[PDB]
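A short worksheet on the structure shown next.
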Amino acid sequence: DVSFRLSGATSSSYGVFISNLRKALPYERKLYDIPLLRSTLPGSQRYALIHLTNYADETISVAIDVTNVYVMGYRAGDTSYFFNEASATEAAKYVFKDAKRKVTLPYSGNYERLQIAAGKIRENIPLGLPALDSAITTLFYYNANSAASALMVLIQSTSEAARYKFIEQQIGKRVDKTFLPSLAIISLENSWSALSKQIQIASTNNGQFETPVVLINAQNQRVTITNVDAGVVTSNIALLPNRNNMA
Numbered sequence: 012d013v014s015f016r017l018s019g020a021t022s023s024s025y026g027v028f029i030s031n032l033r034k035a036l037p038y039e040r041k042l043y044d045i046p047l048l049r050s051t052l053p054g055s056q057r058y059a060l061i062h063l064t065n066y067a068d069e070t071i072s073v074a075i076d077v078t079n080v081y082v083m084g085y086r087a088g089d090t091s092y093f094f095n096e097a098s099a100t101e102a103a104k105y106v107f108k109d110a111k112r113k114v115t116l117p118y119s120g121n122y123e124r125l126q127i128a129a130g131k132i133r134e135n136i137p138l139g140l141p142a143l144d145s146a147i148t149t150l151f152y153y154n155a156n157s158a159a160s161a162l163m164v165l166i167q168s169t170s171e172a173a174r175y176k177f178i179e180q181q182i183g184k185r186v187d188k189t190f191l192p193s194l195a196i197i198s199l200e201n202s203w204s205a206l207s208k209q210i211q212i213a214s215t216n217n218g219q220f221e222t223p224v225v226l227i228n229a230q231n232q233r234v235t236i237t238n239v240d241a242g243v244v245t246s247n248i249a250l251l252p253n254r255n256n257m258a
């Protein structure tokens, strides 16, 4: 289980946190040294809680699917919370066992449903250390009217950063303030399944992609990735997802 205090948070501390986050996630191997998560695992091990104390010292545990890095929900006191999707409910069976109540959320854990419930897309969502703090505050108070965005700001500032070290750095730099994610950041979040899958394919294909993953580079423009030679891929793709877990 991962843990991080917002109090005294820095880019270094966040990097450490995300590092700890990926460290919590088990892995069967590494393609290109990129840790390939453990696809096969007991449902109990398939999830790991992030303990996260916001600036206000309000801690809450976030239930992460370790095999896909996917957030399933979170806890706040005896009140636990989980997305309406059957993945979170399964998660609820293993995590927050002590939680006296598992709350099924009124929205699915996917960006689409989250953005709908939040009433605001991730492009307009704040990101950075204050965002995780804000997330914690909102989530602990579970303002369902807006908790959706808070979940998103938190998920990206954890799960997505855990996956992409590019996302990690961008968020982690925003110690003292926040910013709406770049199209590059968001592109990574989406491409994670495609890009990494093609890395696996490419691993047995001398590094050639079959399906060229269109990724948004930092300039907010699409760039064709046909080769694992792309440094923005190899240096930023911290965690590799399993073909069995992807599609």
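Just add 11 to wherever you are in the sequence shown, counting from 1, and you've got the working numbering. The C-beta atom is built at its ideal place from N, Cα and C for all residues, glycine as well.
Span separating the alpha-carbon of residue i from that of residue j
i: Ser72; j: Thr215; result: 39 Å
i: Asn247; j: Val239; result: 12 Å
i: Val80; j: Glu221; result: 25 Å
i: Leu199; j: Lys184; result: 18 Å
i: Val243; j: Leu226; result: 10 Å
i: residue 2; j: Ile210; result: Because the chain spans 12 through 258 in this model, residue 2 falls outside it and cannot be assessed.
i: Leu150; j: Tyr105; result: 20 Å
i: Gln232; j: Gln181; result: 17 Å
Residue range of the alpha helix (DSSP H) that includes residue i
i: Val27; result: 22 to 35
i: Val244; result: 242 to 245
i: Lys104; result: 97 to 105
i: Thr148; result: 140 to 151
i: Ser204; result: 194 to 214
Secondary structure of residue i, DSSP reduced to three states
i: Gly84; result: strand
i: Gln56; result: coil
i: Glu39; result: strand
i: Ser50; result: coil
i: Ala159; result: helix
i: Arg124; result: helix
i: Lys184; result: helix
i: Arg174; result: helix
i: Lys113; result: strand
i: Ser119; result: coil
i: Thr189; result: coil
Beta strand (DSSP E) segment containing residue i, residue limits
i: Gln219; result: 219 to 228
i: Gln232; result: 232 to 238
i: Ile75; result: 70 to 76
i: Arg254; result: Where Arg254 is concerned, there is no enclosing beta strand (DSSP E), given that its DSSP letter is neither H nor E.
i: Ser91; result: 90 to 93
i: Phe15; result: 13 to 16
Same chain only: Cβ atoms within 8 Å of residue i, ignoring 5 sequence neighbours per side
i: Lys188; result: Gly139, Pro141
Of the listed residues the options, nearest to residue i (C-alpha basis)
i: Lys108; options: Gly120, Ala87, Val77; result: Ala87
i: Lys131; options: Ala213, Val114, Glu69, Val164; result: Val164
i: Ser160; options: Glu179, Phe28, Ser119, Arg174; result: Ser119
i: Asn201; options: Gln219, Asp44, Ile212, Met257; result: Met257
i: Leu63; options: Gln232, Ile29, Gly218; result: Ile29
i: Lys111; options: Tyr92, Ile147, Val27, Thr149; result: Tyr92
i: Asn154; options: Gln167, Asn135, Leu116, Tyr122; result: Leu116
i: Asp76; options: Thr90, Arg174, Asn228; result: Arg174
7 Å Cβ shell around residue i - same chain, five flanking residues per side excluded
i: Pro252; result: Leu48, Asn79, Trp203, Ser204, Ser207
i: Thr70; result: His62, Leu63, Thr64
Contacts around residue i, its chain only, beta-carbon distance under 6 Å, and the 5 residues preceding and following it disregarded
i: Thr237; result: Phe220, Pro223
Below-9 Å beta-carbon distance, residue i vs any chain D residue
i: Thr78; result: Protein chain content of the structure displayed is limited to a single chain, and chain D is not contained in it.
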